[PDB]
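K.L.:
This is query28.tsv (TSV, C-alpha atoms and all ligand atoms).
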chain	number	residue	atom	x	y	z
A	2291	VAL	CA	45.54	-129.42	105.27
A	2292	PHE	CA	42.44	-131.31	104.13
A	2293	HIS	CA	41.34	-132.16	107.65
A	2294	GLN	CA	41.80	-128.52	108.61
A	2295	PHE	CA	39.61	-127.33	105.76
A	2296	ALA	CA	36.93	-129.97	106.28
A	2297	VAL	CA	36.60	-129.27	109.99
A	2298	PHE	CA	36.39	-125.55	109.21
A	2299	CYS	CA	33.56	-126.00	106.70
A	2300	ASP	CA	31.73	-128.43	108.99
A	2301	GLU	CA	31.97	-125.94	111.84
A	2302	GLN	CA	30.57	-123.28	109.55
A	2303	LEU	CA	27.54	-125.44	108.74
A	2304	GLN	CA	26.57	-126.32	112.32
A	2305	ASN	CA	26.76	-122.73	113.51
A	2306	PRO	CA	24.09	-121.48	115.94
A	2307	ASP	CA	24.19	-117.96	114.48
A	2308	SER	CA	23.85	-119.16	110.89
A	2309	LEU	CA	21.06	-121.58	111.77
A	2310	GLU	CA	19.20	-118.81	113.60
A	2311	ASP	CA	19.63	-116.58	110.55
A	2312	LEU	CA	18.29	-119.29	108.23
A	2313	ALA	CA	15.34	-119.89	110.55
A	2314	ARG	CA	14.57	-116.17	110.72
A	2315	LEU	CA	14.65	-115.80	106.95
A	2316	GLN	CA	12.47	-118.90	106.61
A	2317	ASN	CA	9.83	-117.56	108.98
A	2318	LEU	CA	9.97	-114.25	107.11
A	2319	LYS	CA	9.35	-115.99	103.79
A	2320	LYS	CA	6.50	-118.00	105.31
A	2321	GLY	CA	4.79	-114.98	106.87
A	2322	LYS	CA	5.17	-112.80	103.78
A	2323	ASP	CA	3.75	-115.53	101.56
A	2324	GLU	CA	0.82	-115.93	103.95
A	2325	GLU	CA	0.20	-112.17	103.81
A	2326	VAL	CA	0.34	-112.14	100.00
A	2327	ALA	CA	-2.12	-115.02	99.90
A	2328	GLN	CA	-4.39	-113.07	102.26
A	2329	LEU	CA	-4.44	-110.18	99.78
A	2330	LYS	CA	-4.64	-112.39	96.69
A	2348	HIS	CA	-0.26	-102.60	98.23
A	2349	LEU	CA	0.08	-105.91	96.39
A	2350	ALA	CA	2.98	-104.52	94.33
A	2351	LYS	CA	5.19	-103.50	97.25
A	2352	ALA	CA	4.21	-106.64	99.17
A	2353	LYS	CA	5.30	-108.82	96.26
A	2354	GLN	CA	8.50	-106.81	95.83
A	2355	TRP	CA	9.39	-107.35	99.49
A	2356	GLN	CA	8.56	-111.05	99.06
A	2357	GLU	CA	10.90	-111.30	96.07
A	2358	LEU	CA	13.71	-109.57	97.96
A	2359	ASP	CA	13.24	-112.08	100.78
A	2360	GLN	CA	13.46	-114.90	98.23
A	2361	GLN	CA	16.72	-113.51	96.84
A	2362	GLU	CA	18.24	-113.24	100.32
A	2363	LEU	CA	17.18	-116.81	101.12
A	2364	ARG	CA	18.66	-118.11	97.87
A	2365	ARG	CA	21.96	-116.45	98.72
A	2366	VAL	CA	22.05	-118.00	102.19
A	2367	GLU	CA	21.14	-121.46	100.95
A	2368	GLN	CA	23.76	-121.30	98.20
A	2369	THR	CA	26.42	-120.43	100.76
A	2370	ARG	CA	25.38	-123.43	102.84
A	2371	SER	CA	25.46	-125.67	99.78
A	2372	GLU	CA	29.01	-124.62	98.96
A	2373	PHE	CA	30.06	-125.33	102.53
A	2374	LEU	CA	28.48	-128.79	102.33
A	2375	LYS	CA	30.31	-129.60	99.10
A	2376	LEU	CA	33.67	-128.55	100.51
A	2377	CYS	CA	33.06	-130.38	103.78
A	2378	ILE	CA	32.27	-133.73	102.19
A	2379	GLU	CA	34.98	-133.49	99.53
A	2380	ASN	CA	37.69	-132.62	102.03
A	2381	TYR	CA	36.65	-135.31	104.47
A	2382	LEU	CA	37.00	-137.86	101.68
A	2383	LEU	CA	40.35	-136.48	100.57
A	2384	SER	CA	41.71	-136.48	104.12
A	2385	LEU	CA	40.71	-140.12	104.60
A	2386	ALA	CA	42.51	-141.08	101.39
A	2387	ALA	CA	45.75	-139.26	102.26
A	2388	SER	CA	46.97	-140.32	105.71
A	2389	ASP	CA	45.95	-142.36	108.75
A	2390	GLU	CA	46.26	-139.61	111.36
A	2391	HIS	CA	42.57	-138.67	111.17
A	2392	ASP	CA	40.45	-141.81	110.96
A	2393	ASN	CA	37.43	-140.79	112.98
A	2394	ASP	CA	36.70	-138.63	109.97
A	2395	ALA	CA	35.04	-141.77	108.63
A	2396	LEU	CA	32.39	-141.68	111.35
A	2397	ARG	CA	31.84	-137.95	110.82
A	2398	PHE	CA	31.71	-138.29	107.05
A	2399	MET	CA	29.23	-141.14	107.41
A	2400	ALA	CA	26.92	-139.17	109.68
A	2401	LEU	CA	27.17	-136.15	107.40
A	2402	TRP	CA	26.43	-138.22	104.31
A	2403	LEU	CA	23.52	-140.16	105.77
A	2404	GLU	CA	21.90	-136.90	106.86
A	2405	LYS	CA	22.07	-135.62	103.26
A	2406	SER	CA	21.02	-138.78	101.45
A	2407	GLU	CA	18.48	-136.85	99.33
A	2408	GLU	CA	20.46	-133.71	98.47
A	2409	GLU	CA	21.85	-134.66	95.06
A	2410	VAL	CA	24.77	-132.25	95.55
A	2411	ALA	CA	26.20	-134.41	98.32
A	2412	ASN	CA	25.69	-137.57	96.29
A	2413	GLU	CA	27.53	-136.15	93.29
A	2414	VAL	CA	30.54	-135.17	95.40
A	2415	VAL	CA	30.56	-138.55	97.12
A	2416	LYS	CA	30.30	-140.32	93.77
A	2417	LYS	CA	33.28	-138.38	92.53
A	2418	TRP	CA	35.59	-138.97	95.51
A	2419	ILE	CA	34.51	-142.19	97.25
A	2420	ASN	CA	36.60	-144.68	95.27
A	2421	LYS	CA	39.95	-143.44	96.58
A	2422	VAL	CA	39.39	-144.16	100.28
A	2423	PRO	CA	40.78	-147.51	101.48
A	2424	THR	CA	37.85	-149.59	102.56
A	2425	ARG	CA	39.62	-150.41	105.81
A	2426	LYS	CA	38.41	-147.05	107.13
A	2427	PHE	CA	34.76	-148.09	106.85
A	2428	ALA	CA	35.21	-151.71	107.90
A	2429	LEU	CA	34.07	-151.15	111.49
A	2430	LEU	CA	30.97	-149.21	110.39
A	2431	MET	CA	29.06	-152.10	108.87
A	2432	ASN	CA	26.28	-152.02	111.45
A	2433	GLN	CA	25.41	-148.52	110.25
A	2434	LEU	CA	25.97	-149.13	106.56
A	2435	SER	CA	24.10	-152.40	106.16
A	2436	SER	CA	21.14	-150.95	108.06
A	2437	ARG	CA	20.50	-148.32	105.38
A	2438	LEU	CA	20.54	-150.74	102.46
A	2439	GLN	CA	17.52	-150.64	100.17
A	2440	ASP	CA	16.68	-151.32	96.54
A	2441	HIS	CA	15.43	-147.94	95.32
A	2442	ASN	CA	17.56	-147.30	92.19
A	2443	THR	CA	18.55	-143.85	93.45
A	2444	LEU	CA	22.13	-142.61	93.47
A	2445	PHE	CA	22.51	-142.88	97.23
A	2446	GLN	CA	21.73	-146.58	97.02
A	2447	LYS	CA	23.97	-147.19	94.02
A	2448	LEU	CA	26.82	-145.71	96.05
A	2449	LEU	CA	25.95	-147.39	99.33
A	2450	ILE	CA	25.57	-150.86	97.82
A	2451	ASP	CA	28.83	-150.56	95.94
A	2452	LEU	CA	30.62	-149.45	99.10
A	2453	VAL	CA	29.22	-152.33	101.17
A	2454	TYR	CA	30.16	-154.73	98.38
B	2618	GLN	CA	8.63	-100.33	128.60
B	2619	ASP	CA	11.31	-97.65	128.87
B	2620	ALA	CA	10.87	-97.38	132.64
B	2621	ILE	CA	11.06	-101.13	133.25
B	2622	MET	CA	14.16	-101.47	131.09
B	2623	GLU	CA	15.83	-98.50	132.74
B	2624	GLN	CA	15.28	-100.23	136.07
B	2625	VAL	CA	16.72	-103.52	134.80
B	2626	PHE	CA	19.80	-101.81	133.36
B	2627	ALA	CA	20.34	-99.95	136.62
B	2628	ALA	CA	20.16	-103.20	138.59
B	2629	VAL	CA	22.72	-104.94	136.37
B	2630	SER	CA	25.05	-101.97	136.52
B	2631	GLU	CA	24.74	-102.20	140.28
B	2632	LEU	CA	25.85	-105.81	140.03
B	2633	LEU	CA	28.99	-104.57	138.31
B	2634	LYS	CA	30.20	-102.90	141.53
B	2635	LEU	CA	30.96	-106.17	143.31
B	2636	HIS	CA	34.04	-107.13	141.29
B	2637	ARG	CA	37.51	-105.71	141.62
B	2638	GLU	CA	38.23	-105.03	137.96
B	2639	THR	CA	35.02	-103.21	137.10
B	2640	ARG	CA	34.85	-101.36	140.39
B	2641	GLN	CA	38.44	-100.17	140.07
B	2642	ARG	CA	37.50	-98.56	136.73
B	2643	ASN	CA	34.06	-97.32	137.80
B	2644	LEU	CA	32.50	-99.26	134.95
B	2645	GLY	CA	28.77	-98.66	134.95
B	2646	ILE	CA	26.02	-96.85	133.14
B	2647	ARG	CA	24.49	-93.43	133.59
B	2648	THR	CA	20.83	-93.51	134.53
B	2649	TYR	CA	17.88	-91.20	134.01
B	2650	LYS	CA	14.35	-91.21	135.38
B	2651	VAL	CA	11.21	-92.12	133.44
B	2652	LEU	CA	7.84	-91.62	135.13
B	2653	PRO	CA	4.76	-92.85	133.27
B	2654	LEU	CA	1.65	-90.92	134.29
B	2655	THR	CA	-0.96	-92.65	132.13
B	2656	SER	CA	-0.96	-95.06	129.21
B	2657	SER	CA	-0.37	-92.08	126.94
B	2658	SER	CA	1.89	-89.62	128.78
B	2659	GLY	CA	4.89	-89.31	131.03
B	2660	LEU	CA	7.62	-87.19	132.52
B	2661	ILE	CA	11.16	-87.90	131.37
B	2662	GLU	CA	14.20	-86.43	133.06
B	2663	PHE	CA	16.05	-84.10	130.71
B	2664	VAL	CA	19.68	-85.04	131.27
B	2665	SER	CA	21.43	-81.93	132.44
B	2666	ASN	CA	24.24	-80.77	130.17
B	2667	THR	CA	24.44	-83.28	127.36
B	2668	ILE	CA	24.06	-82.95	123.59
B	2669	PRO	CA	22.64	-85.61	121.24
B	2670	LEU	CA	25.26	-87.46	119.26
B	2671	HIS	CA	23.63	-86.71	115.93
B	2672	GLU	CA	23.27	-83.00	116.74
B	2673	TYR	CA	26.98	-82.72	117.36
B	2674	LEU	CA	28.01	-84.92	114.46
B	2675	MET	CA	26.02	-83.47	111.64
B	2676	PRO	CA	27.23	-79.85	111.91
B	2677	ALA	CA	30.78	-80.94	112.73
B	2678	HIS	CA	31.02	-83.04	109.58
B	2679	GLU	CA	30.55	-79.98	107.41
B	2680	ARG	CA	32.53	-77.66	109.64
B	2681	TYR	CA	35.69	-79.77	109.46
B	2682	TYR	CA	35.33	-81.24	105.94
B	2683	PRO	CA	33.56	-78.76	103.65
B	2684	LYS	CA	34.21	-80.92	100.56
B	2685	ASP	CA	32.45	-84.05	101.85
B	2686	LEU	CA	28.86	-85.05	101.37
B	2687	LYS	CA	26.19	-83.80	103.72
B	2688	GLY	CA	24.52	-86.00	106.29
B	2689	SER	CA	21.27	-85.70	104.36
B	2690	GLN	CA	22.93	-86.60	101.07
B	2691	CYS	CA	24.45	-89.72	102.62
B	2692	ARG	CA	21.14	-90.70	104.20
B	2693	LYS	CA	19.25	-90.25	100.95
B	2694	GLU	CA	21.88	-92.09	98.91
B	2695	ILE	CA	21.72	-95.03	101.30
B	2696	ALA	CA	17.92	-95.02	101.45
B	2697	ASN	CA	17.53	-95.10	97.68
B	2698	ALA	CA	19.40	-98.40	97.46
B	2699	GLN	CA	17.23	-100.06	100.10
B	2700	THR	CA	15.31	-102.35	97.74
B	2701	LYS	CA	18.33	-103.78	95.92
B	2702	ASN	CA	20.60	-106.79	96.17
B	2703	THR	CA	23.22	-106.92	98.90
B	2704	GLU	CA	26.03	-106.38	96.41
B	2705	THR	CA	24.64	-103.03	95.27
B	2706	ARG	CA	23.88	-101.96	98.84
B	2707	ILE	CA	27.43	-102.67	99.97
B	2708	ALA	CA	28.86	-100.91	96.90
B	2709	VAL	CA	26.76	-97.81	97.56
B	2710	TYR	CA	27.77	-97.86	101.21
B	2711	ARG	CA	31.46	-98.03	100.40
B	2712	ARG	CA	31.04	-95.22	97.90
B	2713	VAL	CA	29.33	-93.05	100.50
B	2714	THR	CA	31.76	-93.68	103.31
B	2715	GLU	CA	34.70	-92.91	101.06
B	2716	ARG	CA	33.34	-89.33	100.97
B	2717	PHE	CA	32.51	-89.02	104.67
B	2718	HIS	CA	35.24	-88.86	107.23
B	2719	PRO	CA	34.82	-89.15	111.00
B	2720	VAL	CA	35.12	-86.04	113.13
B	2721	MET	CA	34.33	-87.29	116.60
B	2722	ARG	CA	37.87	-86.78	117.87
B	2723	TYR	CA	37.19	-83.06	117.87
B	2724	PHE	CA	34.41	-83.21	120.45
B	2725	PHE	CA	37.16	-83.49	123.02
B	2726	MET	CA	39.59	-81.03	121.48
B	2727	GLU	CA	36.96	-78.29	121.56
B	2728	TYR	CA	35.23	-78.81	124.88
B	2729	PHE	CA	38.41	-79.72	126.81
B	2730	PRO	CA	41.53	-77.92	125.58
B	2731	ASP	CA	43.59	-78.72	128.68
B	2732	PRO	CA	45.57	-81.94	128.09
B	2733	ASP	CA	45.08	-83.31	131.60
B	2734	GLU	CA	41.32	-82.82	131.41
B	2735	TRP	CA	41.23	-83.93	127.77
B	2736	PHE	CA	42.83	-87.26	128.59
B	2737	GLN	CA	40.59	-87.93	131.56
B	2738	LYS	CA	37.42	-87.12	129.62
B	2739	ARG	CA	38.37	-89.21	126.61
B	2740	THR	CA	38.98	-92.14	128.93
B	2741	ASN	CA	35.55	-91.60	130.50
B	2742	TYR	CA	34.01	-91.74	127.04
B	2743	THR	CA	35.79	-94.96	126.12
B	2744	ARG	CA	34.95	-96.71	129.37
B	2745	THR	CA	31.27	-95.81	129.37
B	2746	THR	CA	30.98	-96.83	125.73
B	2747	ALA	CA	32.57	-100.20	126.51
B	2748	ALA	CA	30.33	-100.85	129.49
B	2749	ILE	CA	27.14	-100.01	127.66
B	2750	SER	CA	28.23	-102.00	124.61
B	2751	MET	CA	28.70	-105.21	126.58
B	2752	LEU	CA	25.64	-104.59	128.73
B	2753	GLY	CA	23.50	-103.95	125.69
B	2754	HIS	CA	24.77	-106.96	123.88
B	2755	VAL	CA	23.89	-109.23	126.80
B	2756	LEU	CA	20.35	-107.77	127.00
B	2757	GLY	CA	19.81	-107.46	123.26
B	2758	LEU	CA	19.44	-103.69	123.45
B	2759	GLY	CA	18.48	-102.20	120.09
B	2760	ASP	CA	17.34	-98.92	118.47
B	2761	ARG	CA	20.77	-97.39	119.10
B	2762	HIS	CA	20.67	-94.57	116.58
B	2763	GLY	CA	22.15	-91.14	117.06
B	2764	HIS	CA	19.15	-89.61	118.81
B	2765	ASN	CA	19.23	-92.12	121.69
B	2766	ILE	CA	22.88	-91.46	122.62
B	2767	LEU	CA	23.75	-88.26	124.49
B	2768	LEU	CA	27.25	-86.89	125.00
B	2769	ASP	CA	27.86	-85.35	128.40
B	2770	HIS	CA	30.17	-82.43	127.69
B	2771	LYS	CA	31.10	-81.91	131.34
B	2772	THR	CA	32.35	-85.42	132.17
B	2773	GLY	CA	32.81	-86.84	128.68
B	2774	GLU	CA	30.68	-89.94	129.24
B	2775	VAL	CA	27.82	-91.14	127.05
B	2776	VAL	CA	24.24	-91.63	128.21
B	2777	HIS	CA	21.89	-94.07	126.54
B	2778	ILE	CA	18.19	-93.21	126.69
B	2779	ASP	CA	15.07	-94.79	125.18
B	2780	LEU	CA	15.93	-98.33	126.26
B	2781	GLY	CA	12.63	-100.01	125.42
A	2801	LIG	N1	15.45	-87.69	128.37
A	2801	LIG	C1	16.13	-86.91	127.54
A	2801	LIG	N2	17.12	-86.14	128.03
A	2801	LIG	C2	17.80	-85.37	127.19
A	2801	LIG	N3	17.67	-85.23	125.87
A	2801	LIG	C3	16.68	-86.00	125.41
A	2801	LIG	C4	15.89	-86.85	126.15
A	2801	LIG	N4	14.98	-87.50	125.34
A	2801	LIG	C5	15.24	-87.04	124.15
A	2801	LIG	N5	16.26	-86.13	124.12
A	2801	LIG	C6	16.77	-85.44	122.96
A	2801	LIG	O1	15.90	-84.37	122.67
A	2801	LIG	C7	15.24	-84.61	121.41
A	2801	LIG	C8	13.89	-85.22	121.67
A	2801	LIG	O2	13.71	-86.32	120.77
A	2801	LIG	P1	12.26	-86.77	120.42
A	2801	LIG	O3	11.82	-85.90	119.32
A	2801	LIG	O4	11.40	-86.78	121.68
A	2801	LIG	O5	12.34	-88.26	119.95
A	2801	LIG	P2	13.27	-88.62	118.74
A	2801	LIG	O6	14.14	-89.73	119.15
A	2801	LIG	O7	13.94	-87.30	118.36
A	2801	LIG	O8	12.42	-89.02	117.49
A	2801	LIG	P3	12.87	-90.22	116.62
A	2801	LIG	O9	11.70	-91.24	116.52
A	2801	LIG	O10	14.08	-90.91	117.31
A	2801	LIG	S1	13.38	-89.61	114.84
A	2801	LIG	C9	16.20	-85.48	120.63
A	2801	LIG	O11	17.14	-84.67	119.93
A	2801	LIG	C10	16.85	-86.33	121.72
A	2801	LIG	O12	18.22	-86.60	121.45
A	2802	MG	MG	14.11	-90.96	121.56
Do you think you could lay out the structure here as structure tokens?
P.N.:
Amino acid sequence: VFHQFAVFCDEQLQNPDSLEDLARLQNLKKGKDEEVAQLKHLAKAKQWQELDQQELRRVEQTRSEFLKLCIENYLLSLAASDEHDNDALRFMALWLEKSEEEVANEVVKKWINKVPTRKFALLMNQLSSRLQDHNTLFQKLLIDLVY
Amino acid sequence: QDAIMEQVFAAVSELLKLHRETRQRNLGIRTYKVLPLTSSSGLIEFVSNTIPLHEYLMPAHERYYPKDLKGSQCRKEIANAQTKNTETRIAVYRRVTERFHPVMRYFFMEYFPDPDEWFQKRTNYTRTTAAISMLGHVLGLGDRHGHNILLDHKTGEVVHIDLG
């Protein structure tokens, strides 16, 4: 069940349609902000800009929920059975891409201590290459995992 | 623009004739002729015995359902909630379409009362709609409002104009 749900959410993130939609809304925000700066008519322009901002917030919040569910369910599927063990490689890629997004790091902090470390044992070339002393949360999780 | 795109659509529909399944069903599009004279004027072929989709649908909606909203009331109600959040827009749209019922099935019961002819013409409508839907998805065709779709009330089959 957990692998099903995690693969579903992952597939929803890396969706060509959804990425095109996010790119289109981003270019719209950029162009409308450039137009508003050109002016400073202004009232309707600002109102359209604010509506674009609200649409973009909605889209980004949807993507953030998908990311939370993806990471959490990957970690729960690794801790449950041994049928799906290349979920460790996919979780690792997905987590190293989002090392700054504090959402991902909170979910990982919550669920990382229940995975047997034998799932990550063969990924020490990739883990020990990202080690640093930066006092962030990503590093406090990564160093503890390598330890 | 309209002339070039009409030519492209005609060429692709000609490609459709080379395959057994689409040729067996005569899947294709209906063409018209655009002739640009200058950069500001042209001659367009007036398709013979059609009627615009909106010009059939707006009188029929009040002829068959006299208690529903008008077309203009629905348009205005949807245009007022154009600068609002998506939740309110979808709520207004559901509220409007709960008071607006489709009437297109009558276009065939009132131009073709003979069941043999009625069945053949309704199948022509469905097939030409399917062909132009796929062909206009593949080529990104847009601006498909009611005034660019004509209903041919002799053969049943839709004609798409203004393909620019
Ligand atoms: N080539 C054509 N053959 C037959 N009917 C046509 C043709 N072109 C347009 N029409 C119809 O005749 C009318 C002419 O429409 P126009 O006023 O030229 O453009 P329009 O599409 O009505 O204006 P907008 O911008 O779409 S509101 C409309 O009701 C069309 O459905
Ligand atoms: Mg037109």
K.L.:
Considering only C-alpha atoms and all ligand atoms, state which residue in the set B:2648, B:2702, B:2656, B:2765 is at the smallest distance from ligand MG 2802 (chain A).
P.N.:
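So, comparing all the options, the nearest one is B:2765.
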K.L.:
Name the residues, by chain letter and number, that sit within 10 Å of ligand MG 2802 (chain A) using only C-alpha atoms and all ligand atoms, and give them as an MDAnalysis selection string.
P.N.:
chainID B and resid 2760:2766 2777:2781
K.L.:
For a test of reading the model, state the distance in Å between CA of residue 2754 in chain B and CA of residue 2623 in chain B, rounded to one decimal.
P.N.:
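Computing it gives 15.2 Å between the two atoms.
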K.L.:
Check which residues fall inside 6 Å of ligand LIG 2801 (chain A) when counting only C-alpha atoms and all ligand atoms, and print them as an mmCIF file with C-alpha atoms, keeping the file's coordinate frame.
P.N.:
data_model
loop_
_atom_site.group_PDB
_atom_site.id
_atom_site.type_symbol
_atom_site.label_atom_id
_atom_site.label_comp_id
_atom_site.auth_asym_id
_atom_site.auth_seq_id
_atom_site.Cartn_x
_atom_site.Cartn_y
_atom_site.Cartn_z
ATOM 1 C CA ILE B 2661 11.160 -87.900 131.370
ATOM 2 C CA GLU B 2662 14.200 -86.430 133.060
ATOM 3 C CA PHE B 2663 16.050 -84.100 130.710
ATOM 4 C CA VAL B 2664 19.680 -85.040 131.270
ATOM 5 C CA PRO B 2669 22.640 -85.610 121.240
ATOM 6 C CA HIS B 2764 19.150 -89.610 118.810
ATOM 7 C CA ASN B 2765 19.230 -92.120 121.690
#
K.L.:
Measuring between only C-alpha atoms, which one of A:2356, A:2349, A:2443, A:2395 shows the shortest distance to residue 2424 in chain A?
P.N.:
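Checking each of A:2356, A:2349, A:2443, A:2395 against residue 2424 in chain A, counting only C-alpha atoms, the winner is A:2395.
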K.L.:
Would you list which chain A residues are within 8 Å of chain B using all atoms listed in the file, as an mmCIF file with C-alpha atoms, keeping the file's coordinate frame?
P.N.:
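Wrote it out as selection21.cif, contents follow:
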data_model
loop_
_atom_site.group_PDB
_atom_site.id
_atom_site.type_symbol
_atom_site.label_atom_id
_atom_site.label_comp_id
_atom_site.auth_asym_id
_atom_site.auth_seq_id
_atom_site.Cartn_x
_atom_site.Cartn_y
_atom_site.Cartn_z
ATOM 1 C CA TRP A 2355 9.390 -107.350 99.490
ATOM 2 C CA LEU A 2358 13.710 -109.570 97.960
ATOM 3 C CA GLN A 2361 16.720 -113.510 96.840
#
K.L.:
Have a look at B:2713, B:2758, B:2775, B:2726 and name the one nearest to residue 2688 in chain B; count only C-alpha atoms.
P.N.:
B:2713
K.L.:
Env of residue 2643 in chain B: 10 Å cut, atoms = all atoms listed in the file, seq-sep filter 5 positions within chain, self excluded. Answer as a VMD selection string.
P.N.:
chain B and resid 2633 to 2634 2637 to 2638 2741 2744 to 2745 2748
K.L.:
Would you save the residues from that selection as a PDB file, in the coordinates of the input, using C-alpha atoms?
P.N.:
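Generated file (part_33.pdb):
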ATOM      1  CA  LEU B2633      28.990-104.570 138.310  1.00  0.00           C
ATOM      2  CA  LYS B2634      30.200-102.900 141.530  1.00  0.00           C
ATOM      3  CA  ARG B2637      37.510-105.710 141.620  1.00  0.00           C
ATOM      4  CA  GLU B2638      38.230-105.030 137.960  1.00  0.00           C
ATOM      5  CA  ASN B2741      35.550 -91.600 130.500  1.00  0.00           C
ATOM      6  CA  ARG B2744      34.950 -96.710 129.370  1.00  0.00           C
ATOM      7  CA  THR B2745      31.270 -95.810 129.370  1.00  0.00           C
ATOM      8  CA  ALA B2748      30.330-100.850 129.490  1.00  0.00           C
TER       9      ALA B2748
END
K.L.:
Within 12 Å of residue 2676 in chain B, counting all atoms listed in the file, which residues qualify if same-chain residues fewer than 6 places away don't, as a count of residues only?
P.N.:
11
K.L.:
What's the 8 Å shell around range 2316-2348 of chain A, counting all atoms listed in the file, without same-chain residues fewer than 6 positions away, as an MDAnalysis selection string?
P.N.:
chainID A and resid 2356 2359:2360 2363
K.L.:
I'd like to know which of A:2354, A:2379, A:2401, A:2414 is closest to residue 2304 in chain A, using all atoms listed in the file.
P.N.:
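Among the listed residues, the smallest separation from residue 2304 in chain A belongs to A:2401.
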K.L.:
Hey, which of A:2420, A:2439, A:2433, A:2302 ends up closest to residue 2369 in chain A? Count all atoms listed in the file.
P.N.:
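Closest residue, counting all atoms listed in the file: A:2302.
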K.L.:
Measure the distance from CA of residue 2666 in chain B to CA of residue 2770 in chain B in Å and round it to one decimal.
P.N.:
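Between CA of residue 2666 in chain B and CA of residue 2770 in chain B the gap is 6.6 Å.
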K.L.:
Distance CA of residue 2658 in chain B-CA of residue 2749 in chain B, one decimal place?
P.N.:
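Interatomic distance here is 27.3 Å.
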K.L.:
I'd like the contact shell of residue 2380 in chain A - 9 Å cut-off, all atoms listed in the file, skipping same-chain residues fewer than 5 positions apart - returned as a PyMOL selection string.
P.N.:
chain A and resi 2292-2297+2375+2385
K.L.:
Do you know which residues are at most 9 Å from range 2386-2388 of chain A counting only C-alpha atoms, after dropping those on the same chain fewer than 6 positions away, and could you put them as a list in words?
P.N.:
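Residues meeting the cut-off are residues 2292, 2421, 2422 and 2423 of chain A.
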K.L.:
List every protein, DNA or RNA residue that has an atom no more than 12 Å from (23.6, -89.3, 104.8) in the file's coordinate frame, counting all atoms listed in the file, and report them as a list in words.
P.N.:
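The distance filter leaves exactly residues 2671, 2674, 2675, 2678, 2679, 2685, 2686, 2687, 2688, 2689, 2690, 2691, 2692, 2693, 2694, 2695, 2696, 2697, 2709, 2710, 2712, 2713, 2714, 2716, 2717 and 2718 of chain B.
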K.L.:
For the point (24.3, -148.3, 95.3) in the file's frame, write as a list in words all residues with an atom no more than 6 Å away, counting all atoms listed in the file.
P.N.:
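Looking at atoms near the point gives residues 2446, 2447, 2448, 2449, 2450 and 2451 of chain A.
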K.L.:
Can you fill out range 2395-2407 of chain A with N, CA and C atoms and hand it back as an mmCIF file, in the frame of the given file?
P.N.:
data_model
loop_
_atom_site.group_PDB
_atom_site.id
_atom_site.type_symbol
_atom_site.label_atom_id
_atom_site.label_comp_id
_atom_site.auth_asym_id
_atom_site.auth_seq_id
_atom_site.Cartn_x
_atom_site.Cartn_y
_atom_site.Cartn_z
ATOM 1 N N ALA A 2395 35.956 -140.855 109.301
ATOM 2 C CA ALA A 2395 35.040 -141.770 108.630
ATOM 3 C C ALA A 2395 33.680 -141.773 109.296
ATOM 4 N N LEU A 2396 33.650 -141.763 110.622
ATOM 5 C CA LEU A 2396 32.390 -141.680 111.350
ATOM 6 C C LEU A 2396 31.683 -140.357 111.097
ATOM 7 N N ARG A 2397 32.439 -139.259 111.062
ATOM 8 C CA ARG A 2397 31.840 -137.950 110.820
ATOM 9 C C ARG A 2397 31.374 -137.818 109.382
ATOM 10 N N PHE A 2398 32.167 -138.293 108.428
ATOM 11 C CA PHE A 2398 31.710 -138.290 107.050
ATOM 12 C C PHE A 2398 30.461 -139.125 106.887
ATOM 13 N N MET A 2399 30.393 -140.270 107.559
ATOM 14 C CA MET A 2399 29.230 -141.140 107.410
ATOM 15 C C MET A 2399 27.981 -140.485 107.970
ATOM 16 N N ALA A 2400 28.071 -139.895 109.157
ATOM 17 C CA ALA A 2400 26.920 -139.170 109.680
ATOM 18 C C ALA A 2400 26.503 -138.058 108.738
ATOM 19 N N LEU A 2401 27.473 -137.281 108.262
ATOM 20 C CA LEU A 2401 27.170 -136.150 107.400
ATOM 21 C C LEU A 2401 26.572 -136.585 106.080
ATOM 22 N N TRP A 2402 26.947 -137.757 105.585
ATOM 23 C CA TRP A 2402 26.430 -138.220 104.310
ATOM 24 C C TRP A 2402 25.075 -138.886 104.463
ATOM 25 N N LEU A 2403 24.826 -139.556 105.585
ATOM 26 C CA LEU A 2403 23.520 -140.160 105.770
ATOM 27 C C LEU A 2403 22.466 -139.116 106.113
ATOM 28 N N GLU A 2404 22.868 -137.977 106.679
ATOM 29 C CA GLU A 2404 21.900 -136.900 106.860
ATOM 30 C C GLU A 2404 21.449 -136.306 105.538
ATOM 31 N N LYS A 2405 22.332 -136.255 104.547
ATOM 32 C CA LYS A 2405 22.070 -135.620 103.260
ATOM 33 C C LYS A 2405 21.856 -136.636 102.153
ATOM 34 N N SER A 2406 21.176 -137.736 102.452
ATOM 35 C CA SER A 2406 21.020 -138.780 101.450
ATOM 36 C C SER A 2406 20.184 -138.332 100.261
ATOM 37 N N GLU A 2407 19.343 -137.309 100.421
ATOM 38 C CA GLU A 2407 18.480 -136.850 99.330
ATOM 39 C C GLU A 2407 19.087 -135.713 98.529
#
